[PDB]
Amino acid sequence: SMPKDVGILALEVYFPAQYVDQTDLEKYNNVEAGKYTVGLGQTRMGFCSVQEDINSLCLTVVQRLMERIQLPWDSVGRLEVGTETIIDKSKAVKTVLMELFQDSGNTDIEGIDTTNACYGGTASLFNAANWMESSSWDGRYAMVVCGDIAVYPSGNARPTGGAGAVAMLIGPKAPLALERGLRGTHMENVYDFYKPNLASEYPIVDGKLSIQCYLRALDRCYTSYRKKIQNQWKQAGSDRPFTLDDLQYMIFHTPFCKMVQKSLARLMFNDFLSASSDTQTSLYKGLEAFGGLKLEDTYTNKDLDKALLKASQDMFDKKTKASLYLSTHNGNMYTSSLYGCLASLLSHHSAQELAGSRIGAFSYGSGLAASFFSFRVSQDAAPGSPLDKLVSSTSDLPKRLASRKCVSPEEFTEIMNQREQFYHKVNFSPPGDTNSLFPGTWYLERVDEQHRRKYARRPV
């Protein structure tokens, strides 16, 4: 008897207590007004000083989740971290997270860390569902943790960084149930974005190539997903094709907001090119002029790009725009970006609005690994229902974002420079007033002579 409706029961997001404003950053970088706020679609970018690291981000979000829902230590049977922020080549963040469990005597917890660029959180989610449905499940919850500190050198990528983490409690009878058998996955060997300079926080990135690879992976994953759901539909006696009309919401890994608007447009072009001649003429009149073009052309053909943005605007506004709130206010937090979009979706809509819907999700990691998958939302939206509890837990997201402190581009730059200076340092205590951290935040208190990191927690 495989457990039913395996999925997300609870979700917690963490982001740092300061950001740099994109309009300010434009002026600081001497670029044209609107290049970041309109061109990239970004409003504010969160960032961390050396006082926070991947361990402290994950400790913070996990302990906050457990405290909020009063989760017993003995109730977690799997705990796994997805990240691409590596501060130790052998020792997993999972082992550090055991600080939260081991003293209580609960150390029989499967899972370690798993990495490929921005895809590791999804890998951990899939692993958790796989475990829970297997002969190895022991009735306990799984906890999926992901997070990252996304930083670039001064230059055109710097405004697309960010930072944060997400923890998700996975269990049976979940209000956001993973739709079984529907993982459209695509992996291939590319060099769009990678981190081969082991002593640098910075990736090597080919911006244009990374955008092309994200979109090609989207094409492939969407095709795989459609094939799989159509096969299920056929078995159930329906020959209809899957299109964006079959998704009520659609969320994406979000390196910047404009990327996602273009990505929803790319999905519509896929629907169009896959549609019958009749359907094309009936539903896609504005796209008929482009019936002979290729998916890849949405990136090079300006008339096509514009037509697609126009044609998909309503769907974007209805299915995707709300999910971008955290991203536009915090930036790209890599593995947890997609899950921050899920949080934003939950924060915007009522349980009654979400009830019974399908949420499509696209996860990408450069290099590359990608999956398109979906959740089915419970029909039960009554007060006190699992769905109501989940939705309610996210409602204060905009207030939380608003409580952060704006930092000048000058000071932000100094803090980034400090990250470079301290990257490899030992025997030191990270500078910074702990009063500038949110209550309950774990932080790096000291790196000792032997490069061992010690953490402390701001009360509350």
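Residue indices: 1-based, along the sequence shown.
Trainee: Which has the higher mean CA temperature factor in the PDB entry, 274-282 or 368-376?
Mentor: Stretch with the higher mean C-alpha B-factor: 274-282.
Trainee: Would you determine, from the values in the PDB entry, which of 431-439 and 38-46 has the greater average C-alpha temperature factor?
Mentor: Here the higher of the two C-alpha B-factor means belongs to 431-439.
Trainee: Hey, out of 289, 118, 151, 359, whose CA B-factor is highest in the deposited coordinates?
Mentor: Comparing C-alpha B-factors across 289, 118, 151, 359, the maximum falls on 289.
Trainee: For the CA B factor values reported in this entry, which option in 197, 102, 75, 130 has the top one?
Mentor: Result of the comparison over 197, 102, 75, 130: 75.
Trainee: Taking the C-alpha B-factors as the PDB entry records them, is residue 183 in the lowest, middle or highest third of its chain?
Mentor: Its C-alpha B-factor, which the entry lists for residue 183, ranks in the lowest third among residues of this chain.
Trainee: When the modelled residues of the chain are sorted by Cα temperature factor, does residue 156 land in the lowest, middle or highest third?
Mentor: Highest third, going by the recorded CA B-factors of the chain.
Trainee: Give the position of residue 144 by CA B-factor within its chain, expressed as the lowest, middle or highest third.
Mentor: Answer is lowest: the recorded C-alpha B-factor places it there.
Trainee: Using only modelled residues of the chain, where does the Cα B factor of residue 305 rank: lowest third, middle third or highest third?
Mentor: Residue 305: CA B-factor falls in the highest third of its chain.
Trainee: Taking the values exactly as deposited, rank residue 222 by C-alpha B-factor within its chain and report the matching third: lowest, middle or highest.
Mentor: Ranked within chain, residue 222 CA B lands in the lowest tercile.
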